[PDB]
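For reference, the structure is listed below as structure tokens.
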Amino acid sequence: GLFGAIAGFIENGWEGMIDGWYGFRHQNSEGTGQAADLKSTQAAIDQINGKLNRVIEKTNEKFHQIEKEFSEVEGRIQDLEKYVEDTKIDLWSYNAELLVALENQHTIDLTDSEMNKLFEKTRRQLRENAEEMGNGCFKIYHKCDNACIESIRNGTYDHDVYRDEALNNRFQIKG
Amino acid sequence: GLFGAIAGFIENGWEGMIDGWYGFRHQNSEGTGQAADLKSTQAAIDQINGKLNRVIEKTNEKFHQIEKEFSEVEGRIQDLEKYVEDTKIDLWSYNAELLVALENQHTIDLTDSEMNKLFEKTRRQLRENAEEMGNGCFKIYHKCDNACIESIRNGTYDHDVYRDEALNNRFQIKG
Amino acid sequence: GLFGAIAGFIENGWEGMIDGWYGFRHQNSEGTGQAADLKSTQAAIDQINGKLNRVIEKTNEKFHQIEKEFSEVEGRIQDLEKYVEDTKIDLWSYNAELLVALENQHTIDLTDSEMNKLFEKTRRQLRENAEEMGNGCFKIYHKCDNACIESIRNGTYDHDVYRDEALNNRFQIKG
Amino acid sequence: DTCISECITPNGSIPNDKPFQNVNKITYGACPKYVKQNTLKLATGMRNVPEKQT
Amino acid sequence: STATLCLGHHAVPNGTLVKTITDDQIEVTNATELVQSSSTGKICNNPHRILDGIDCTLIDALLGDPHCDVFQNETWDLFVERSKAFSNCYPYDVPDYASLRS
Numbered sequence: 001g002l003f004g005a006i007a008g009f010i011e012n013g014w015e016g017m018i019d020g021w022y023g024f025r026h027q028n029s030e031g032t033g034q035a036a037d038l039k040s041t042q043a044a045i046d047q048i049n050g051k052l053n054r055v056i057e058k059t060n061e062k063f064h065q066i067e068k069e070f071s072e073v074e075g076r077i078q079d080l081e082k083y084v085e086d087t088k089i090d091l092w093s094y095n096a097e098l099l100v101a102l103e104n105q106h107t108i109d110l111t112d113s114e115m116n117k118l119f120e121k122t123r124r125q126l127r128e129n130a131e132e133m134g135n136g137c138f139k140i141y142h143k144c145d146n147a148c149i150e151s152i153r154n155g156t157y158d159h160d161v162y163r164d165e166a167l168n169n170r171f172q173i174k175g
Numbered sequence: 001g002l003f004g005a006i007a008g009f010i011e012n013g014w015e016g017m018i019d020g021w022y023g024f025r026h027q028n029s030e031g032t033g034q035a036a037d038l039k040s041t042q043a044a045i046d047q048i049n050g051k052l053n054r055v056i057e058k059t060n061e062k063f064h065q066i067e068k069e070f071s072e073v074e075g076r077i078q079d080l081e082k083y084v085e086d087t088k089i090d091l092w093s094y095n096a097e098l099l100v101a102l103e104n105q106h107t108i109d110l111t112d113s114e115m116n117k118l119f120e121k122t123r124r125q126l127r128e129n130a131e132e133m134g135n136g137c138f139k140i141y142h143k144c145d146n147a148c149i150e151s152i153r154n155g156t157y158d159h160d161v162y163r164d165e166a167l168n169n170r171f172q173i174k175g
Numbered sequence: 001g002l003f004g005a006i007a008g009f010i011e012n013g014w015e016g017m018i019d020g021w022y023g024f025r026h027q028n029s030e031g032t033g034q035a036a037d038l039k040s041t042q043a044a045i046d047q048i049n050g051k052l053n054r055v056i057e058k059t060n061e062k063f064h065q066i067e068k069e070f071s072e073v074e075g076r077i078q079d080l081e082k083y084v085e086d087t088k089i090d091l092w093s094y095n096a097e098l099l100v101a102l103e104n105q106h107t108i109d110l111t112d113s114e115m116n117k118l119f120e121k122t123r124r125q126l127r128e129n130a131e132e133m134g135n136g137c138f139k140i141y142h143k144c145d146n147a148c149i150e151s152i153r154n155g156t157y158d159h160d161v162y163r164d165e166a167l168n169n170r171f172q173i174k175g
Numbered sequence: 275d276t277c278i279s280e281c282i283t284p285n286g287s288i289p290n291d292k293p294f295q296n297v298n299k300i301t302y303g304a305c306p307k308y309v310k311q312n313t314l315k316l317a318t319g320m321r322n323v324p325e326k327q328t
Numbered sequence: 009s010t011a012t013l014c015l016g017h018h019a020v021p022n023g024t025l026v027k028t029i030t031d032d033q034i035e036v037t038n039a040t041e042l043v044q045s046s047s048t049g050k051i052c053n054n055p056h057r058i059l060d061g062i063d064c065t066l067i068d069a070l071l072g073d074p075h076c077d078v079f080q081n082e083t084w085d086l087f088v089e090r091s092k093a094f095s096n097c098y099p100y101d102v103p104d105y106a107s108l109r110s
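One line per chain: the protein sequences are R, P, X, H and G, in this order. Each residue of the first sequence is one higher than the one before, starting from 1 at the first, in the authors' numbering. Each residue of the second sequence is one higher than the one before, starting from 1 at the first, in the authors' numbering. Each residue of the third sequence is one higher than the one before, starting from 1 at the first, in the authors' numbering. Each residue of the fourth sequence is one higher than the one before, starting from 275 at the first, in the authors' numbering. Each residue of the fifth sequence is one higher than the one before, starting from 9 at the first, in the authors' numbering.
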């Protein structure tokens with residue numbers, strides 16, 4: 001949670017959303033149901049499977065080398081033949097023991113990204129038409145349904161046309 | 001588009017903005033025109049030429065070393081003198097072939113930053129005085145013009161004084 | 001200020017807030033007072049002391065190695081014993097002079113995170129109940145006080161119940 | 275034995291798909307650069323938050 | 009009355025721990041391994057040219073021990089020297105054996 005979102009303010013785990021990596025949860029008149037997304041599920045996993053192609057399966061093919069295990073006490077050259085290879089290992093190790101620390105840590109703010117950039121999307125295509133109930137979930141003023149749903153869940157939503165319920169239930173109702 | 005913005009939700013390419021690296025586009029009564037920015041255009045380019053000064057033109061001056069090409073078969077020492085240097089190249093290369101990957105990836109979430117920190121700024125110094133028409137561009141209620149523009153395009157904007165057109169054309173007009 | 005916040009739009013320095021690493025400043029009827037935070041102060045410092053433990057106090061214990069200072073001109077092996085150890089220091093240095101660069105720059109966009117993720121939280125648990133006066137500081141419509149403060153300063157705030165002062169002093173008053 | 279495996283280790287012959295192997299510093303051709311660590315897991319997915327009781 | 013909209017990621021219960029710049033411990037959805045744990049234990053005759061020294065040691069196969077005749081005019085890509093290996097012929101000393109080998 002660098003970007004915040006995941007394990008940040010959406011502190012709940014979507015149990016078994018298997019139709020993908022993301023989605024919503026409508027509480028319309030027709031009950032409920034957790035819908036699966038794409039341009040975000042594919043988007044993230046698009047990248048993860050990118051940084052990885054980099055890492056996994058690639059370079060290095062060396063043939064005849066220096067020896068590395070030793071039968072008798074030789075001194076010096078021996079001493080050296082060691083300290084050269086040792087030093088290599090040592091290095092290659094730190095290089096690895098970090099390629100992870102980085103690639104990994106940033107693998108995270110990479111998922112905690114697609115999130116804080118979807119809610120931050122809906123909360124755009126629709127004005128005073130509704131607000132993320134407190135946090136986590138949203139709050140709607142219209143009687144949106146399964147059909148009506150294919151709005152946000154398709155970026156097919158008019159905060160203009162489909163606006164009637166605006167001021168109303170908001171700050172307008174008695175107080 | 002880690003930060004999202006660029007190549008994210010402002011999905012259009014500013015063709016020929018040459019007076020800088022950023023800017024706006026006013027659709028007032030006086031027609032239009034794409035204005036150029038600064039504390040953002042310089043700001044970003046401020047850092048690119050910083051992380052860069054770091055990379056470019058710097059260290060390393062070494063004189064007498066070990067040879068690296070060989071005329072006749074000597075075995076052992078030869079093998080070593082290679083595998084020592086070979087190892088070097090090999091490392092330095094991974095150190096290089098990444099200095100990029102990183103510096104390069106983060107060069108990006110650094111540009112896609114200034115953006116998502118300007119709209120996110122206009123969307124601060126002005127209350128219900130207007131809203132980013134859906135996404136990308138904005139939506140004004142006031143009759144702002146070439147002069148009135150030097151408001152946001154100068155941080156010179158009263159969402160208090162110059163407020164008149166508030167609730168109105170918004171959720172107020174018939175529905 | 002990658003996230004923006006700190007040294008970004010909260011351009012003021014909290015002088016001597018010693019009761020932690022964060023907090024607020026209430027301007028209620030009861031005067032003033034800069035209050036200290038936790039889940040953000042312990043939050044960031046939680047992490048800093050995390051990447052650090054990683055760095056500080058860890059690996060490397062090597063006993064018998066190659067010699068590195070020399071009393072008479074030997075040639076070849078000599079040259080080499082140098083160039084090997086030289087190459088090591090050299091590499092190990094660049095690894096170091098960057099472990100810093102990185103861990104260091106990201107140490108930053110990690111503090112400038114907890115900020116831009118708290119104002120971004122208050123600005124969630126309360127609807128039209130108030131707005132960050134321009135920038136930096138907030139603006140309230142209710143007569144909140146020392147007692148009333150333990151609302152947001154405890155996430156114990158009803159933008160529903162304690163809503164009375166909504167539209168009002170906002171876009172409602174004369175204009 | 276009869277098979278294929280571009281990588282030979284005095285220890286046996288191993289698969290080169292990974293980037294790192296901790297089988298034996300001595301290798302032959304196409305092979306995972308040798309590392310000290312016996313395991314390094316890499317995140318392929320997003321974080322994770324527990325359903326109930328973890 | 010109306011509709012409510014929740015949104016998010018997803019998850020699992022069988023999560024695996026990991027290490028990153030900050031946490032030396034965290035439970036991500038899926039992670040893969042990057043360090044070849046261990047091996048089967050047999051040398052693939054392919055795609056390389058393998059030659060079992062058997063009892064003969066390359067040097068001996070070279071000189072022509074009474075018993076390495078078998079390895080005459082041989083060739084390869086990777087000569088494997090065995091442990092149970094020996095030399096049965098006029099004892100000898102090769103100065104800088106290492107290199108004559110290598």
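Using N, Cα and C, we set each Cβ at its ideal position, and we do this for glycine too.
Open item on the list: Taking the straight line between their C-alpha atoms, what separation do you get for R/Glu120 and X/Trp21?
Closed with: 28 angstroms
Open item on the list: Which of the three DSSP states is assigned to H/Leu314 in this structure?
Closed with: In the structure shown, H/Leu314 sits in coil (DSSP, three-state: anything other than H, G, I, E or B).
Open item on the list: Taking CB distances under 8 angstroms as the criterion, tell me whether H/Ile282 reaches chain R.
Closed with: For H/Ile282, no CB of chain R lies under 8 angstroms from its own CB, so it is not counted at the interface with that chain.
TODO: Please go through the same chain and pick out, in chain order, the residues whose beta-carbon is closer than 7 angstroms to the beta-carbon of X/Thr156, but skip the five residues on each side of it.
DONE: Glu150
Task: Burial state of P/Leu38 (16 or more Cβ within 10 Å) - done: Here P/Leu38 is exposed: its Cβ has fewer than 16 other Cβ atoms, across all protein chains shown, within 10 Å.
Task: Contacts of R/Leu80 in chain X (Cβ-Cβ under 9 angstroms) - done: Going along chain X in sequence order, the residues near R/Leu80 (Cβ under 9 angstroms) are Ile66, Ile77, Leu80, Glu81, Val84.
TODO: Measure from the C-beta of P/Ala36 to each C-beta in chain X and report whether the shortest distance is under 8 angstroms.
DONE: no
Open item on the list: Our contact map puts R/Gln42 next to P/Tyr83 with C-beta atoms below 8 angstroms; I'd like the distance itself, whole angstroms only.
Closed with: The pair is not a contact, with the Cβ atoms about 45 angstroms apart (cut-off 8 angstroms).
TODO: Could you name the residues of the segment 282-296 of chain H whose beta carbon sits closer than 9 angstroms to any beta carbon of chain R, in the order they occur along the chain?
DONE: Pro284, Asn290, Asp291, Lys292, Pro293, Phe294
Open item on the list: I'd like to know whether the C-beta of G/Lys27 is nearer than 8 angstroms to at least one C-beta of chain R.
Closed with: yes
Open item on the list: Tell me the DSSP secondary structure of R/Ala35 in three-state form.
Closed with: In the three-state DSSP reduction, R/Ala35 falls in the strand class (E or B).
Task: Of the residues R/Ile18, R/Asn12, R/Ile10, R/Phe24, the one placed nearest R/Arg153, counting alpha carbons only - done: R/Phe24
- [ ] Have a look at P/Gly175 and X/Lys139 and give me their C-alpha separation to the nearest angstrom.
- [x] 31 angstroms
Open item on the list: Helix, strand or coil for X/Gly4? Go by DSSP, reduced to three states.
Closed with: Secondary structure at X/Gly4: coil, using DSSP grouped into helix, strand and coil.
Open item on the list: Quick check: is the beta carbon of G/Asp104 nearer than 8 angstroms to any beta carbon in chain X?
Closed with: Judged by the 8 angstroms Cβ criterion, G/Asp104 is not in contact with chain X.
Open item on the list: Counting only Cβ pairs nearer than 8 angstroms, list the residues of chain R close to X/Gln125.
Closed with: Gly134, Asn135
Open item on the list: If you reduce the DSSP assignment to three classes, tell me which class P/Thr156 lands in.
Closed with: P/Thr156 falls in the coil class under three-state DSSP.
TODO: Give the residues of chain H in contact with R/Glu103, contact being defined as C-beta atoms less than 9 angstroms apart.
DONE: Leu316, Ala317
- [ ] Examine the ligand MG and report whether any of its heavy atoms sits within less than 7 angstroms of the Cβ of P/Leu80.
- [x] As for the ligand MG, it is missing from this structure, which has no ligand bound.
TODO: State the beta-bridge partners of G/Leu25 as determined by DSSP.
DONE: G/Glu35
Task: Beta-carbon proximity check, R/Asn135 vs X/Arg124, cutoff 8 angstroms - done: yes
Task: Status (buried if at least 16 other CB within 10 Å, exposed otherwise) for R/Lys51 - done: buried
TODO: For the alpha helix (DSSP H) holding X/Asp79, just list the boundary residues, first then last.
DONE: From DSSP, the alpha helix (DSSP H) with X/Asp79 extends over 77-108.
Task: Buried versus exposed call for P/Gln34 [16 or more other C-beta atoms within 10 Å across all chains shown] - done: By the 10 Å Cβ count, P/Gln34 comes out exposed.
Open item on the list: Given a cut-off of 8 angstroms on the beta-carbon distance, is the pair G/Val43 and H/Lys299 in contact?
Closed with: no
Open item on the list: With three or more beta-carbon pairs closer than 8 angstroms as the criterion, would you say the segment 43-63 of chain G touches the segment 294-314 of chain H?
Closed with: Output reads yes: the segment 294-314 of chain H touches the segment 43-63 of chain G.
TODO: Give me whichever residues DSSP pairs with H/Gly319 in a beta bridge.
DONE: DSSP, once it has assigned bridges, lists no residue as partnering H/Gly319.
- [ ] Could you check which residue in R/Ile56, R/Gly31, R/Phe9 has the C-alpha nearest to that of R/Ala147?
- [x] R/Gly31
Open item on the list: For G/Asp60, list the residues DSSP reports as bridge partners.
Closed with: G/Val88
TODO: Run down chain G in chain order and give the residues with a C-beta less than 8 angstroms from the C-beta of R/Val55.
DONE: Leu42
- [ ] Would you identify the three-state DSSP class for G/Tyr105, choosing helix, strand or coil?
- [x] helix
TODO: Would you please verify whether the beta carbon of R/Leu118 is less than 8 angstroms from any beta carbon of chain G?
DONE: yes
Open item on the list: Closest to G/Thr24 by C-alpha separation, out of G/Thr40, G/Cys14, G/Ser9, would be which residue?
Closed with: When C-alpha distances from G/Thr24 are compared across G/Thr40, G/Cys14, G/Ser9, the shortest belongs to G/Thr40.
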